[PDB]
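Structural characterization, general
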Amino acid sequence: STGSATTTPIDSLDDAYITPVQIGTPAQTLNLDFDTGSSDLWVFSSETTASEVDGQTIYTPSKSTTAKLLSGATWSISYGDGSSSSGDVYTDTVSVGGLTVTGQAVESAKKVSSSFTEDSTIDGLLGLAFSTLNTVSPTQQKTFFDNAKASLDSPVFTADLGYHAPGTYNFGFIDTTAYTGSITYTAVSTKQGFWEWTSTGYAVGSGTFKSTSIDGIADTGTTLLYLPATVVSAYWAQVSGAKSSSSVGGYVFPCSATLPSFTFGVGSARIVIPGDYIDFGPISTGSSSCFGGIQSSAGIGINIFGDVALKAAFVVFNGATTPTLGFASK
């Protein structure tokens, strides 16, 4: 089997991408944030505290003839940005782009943190990291991909995120028309439950490539590119007037600037992030100070190749017995 679904930016900045997902019978379509940095499929629901729902579409398990309460199971998650959610668990039929999993754990939120409530465009998350990170207790549950894998034509999914435009998540096949050149594959460590890999270095604009190992995660659920402070300083030093602002929370730059590109290495291959992809717009409405798309990871504990990096590439998440990642230009 295969599946293919379009993923759409939630706003004009590409702050996140939403993909329609069919849950239950008859289908209830919710727009979920596909997140290769986490491993829970959780949704706003008829069980979510009413004051914490503000425009999201909800899953109502009582209206699904295939929903079954997973007795005794609860979940609770906290994300790297400080947001969180928790609740109980159903199993139900879940379909993405024509690919159907029966008995998928659907984690129904009883509580969500304010950042989720305040984002009416995201109805929940669909985790695509390794199932070892799934938070369901006392019996950990499998991700949608883990449940589908054996049925897929090939045990892979691909992320093809658009810049200021829709893109595609495919399951079970590699669309050879969706990229240019070849796909360069690179080793993955699953020891932390992430799609963790090592970039071979970077360049700023037309500058020379610096060969240096940068361990990080491929994370579709993180907006920005978070890299070591040395790398980030080298980038922003090429933007007149850019500076790190403690009060804003990162590097800012004059909105009048033209940003240089940023290149990262994948083995001997190179992925070029155009400068425009690094512009996240005014820090507040009407400001002439703009927020940068490359930020320091120093306070995180891990480097994160988020959407800023991934949308410059066609990315293969190869879930073979020994997982690997592939990157192609497009």
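Residues numbered from 1 in each chain as written, not as in the entry; some residues may be left out. Heavy atoms only, no water. Residues with missing side-chain atoms left out of burial classes, pairs and counts.

As summarised from the PDB record, the model derives from X-ray crystallography at a stated resolution of 1.0180 Å.

Let me state the cut-off plainly: UniProt positions are given in the numbering used here, feature names are shortened, and annotations may be inferred rather than shown by experiment.
Identification of the chain as Endothiapepsin from Cryphonectria parasitica is taken from the PDB entry. This deposition appears in the PDB under the title "PanDDA analysis group deposition -- Auto-refined data of Endothiapepsin for ground state model 04, DMSO-Free". According to the UniProt record, the Sequence similarities comment for the chain reads "Belongs to the peptidase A1 family."

A few points about the sheet that holds strand 19 (residues 279–282)
Heads up, the condition is: Following DSSP output, two strands are said to pair if at least two bridges run between them. Working definition: helices are DSSP H or I runs of at least four residues, strands are E runs of at least two. Numbering for both runs from the N terminus. Each axis is a line fitted through C-alpha atoms, taken for helices only over the stretch in contact, and angles between the N-to-C directions span 0 to 180 degrees.
Pairing within the open sheet is antiparallel, and its 4 strands lie in the order 15-16-20-19. Where the open sheet ends on each side, the last strands, each with one partner, are strand 15 (243–245) and strand 19. Across this sheet, the average inter-strand angle for adjacent strands is 40°, counted without regard to direction. Bridge count between strand 19 and strand 20 (residues 289–292): 2 bridges; the pairing is antiparallel. Bridge assignment links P282 to a residue of strand 20, and that residue is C290.

Quick notes on the packing of aromatic side chains
We apply this condition: Aromatic pairing here means that ring centres of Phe, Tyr or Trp (its six-membered ring) are within 6.5 Å. Orientation follows from the plane angle: under 30 degrees is stacked, over 60 is edge-to-face, and everything else is tilted. Partly exposed describes any residue whose relative accessible area lies between the buried limit of under 20% and the exposed limit of over 50%, with all areas from a 1.4 Å probe on protein chains only and scaled to the type maximum. Here, a charge over a ring is recorded when the distance from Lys NZ or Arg CZ to the ring centre is within 6 Å and its angle to the ring normal is within 35 degrees.
Applying the stated criterion to the full structure yields 26 aromatic pairs. Here the aromatic rings of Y79 and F116 are separated by 5.9 Å at their centres, their planes lie at 65°, and the arrangement is edge-to-face. Taken as a pair, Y79 in the loop between strand 5 (68–78) and strand 6 (84–96) and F116 in helix 1 (residues 114–117) lie far apart in primary sequence, 37 residues in all. Of the two residues, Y79 and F116, both sit in the buried class. Within the aromatic cluster, the residues linked to one another by ring pairs are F34, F130, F144, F145, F157, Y169, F171, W195 and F317. Seen from the ring of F209, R270 lies directly overhead, with NZ or CZ sitting 3.6 Å from the centre. The positively charged end of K311 is found above the aromatic ring belonging to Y277, 5.6 Å away from the centroid.

Some thoughts on the pairing of strand 18 (residues 269–273)
Bridging between strand 17 (residues 262–266) and strand 18 involves 5 bridges; their strand directions are antiparallel. Bridging from a neighbouring strand, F264 pairs with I271 of strand 18.

So, the domain arrangement of the chain
Inclusion rule: Just so you know, the domain bounds were taken from an automatic or database domain assignment. Any two residues whose heavy atoms approach within 4.5 Å are treated as being in contact. Under the scheme applied, nonpolar residues are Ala, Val, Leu, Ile, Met, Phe, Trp, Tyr, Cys and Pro; charged residues are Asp, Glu, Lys and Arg; polar residues are all the others, including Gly.
Each assigned domain of the chain is listed here: domain 1 (5–174) and domain 2 (175–330). On a C-alpha basis, the centres of domain 1 and domain 2 stand 25 Å from each other. With 30 residues of domain 1 at the contact, the number on the domain 2 side is 33 residues. Breaking the side of domain 1 that touches domain 2 down by element, the ones donating at least two residues are strand 3 (28–35), strand 9 (156–160) and strand 10 (167–171). The greatest single-element share of the side of domain 1 that touches domain 2, amounting to 5 residues, is contributed by strand 9. For the side of domain 1 that touches domain 2, the residue count by class is 18 nonpolar, 6 polar and 6 charged.

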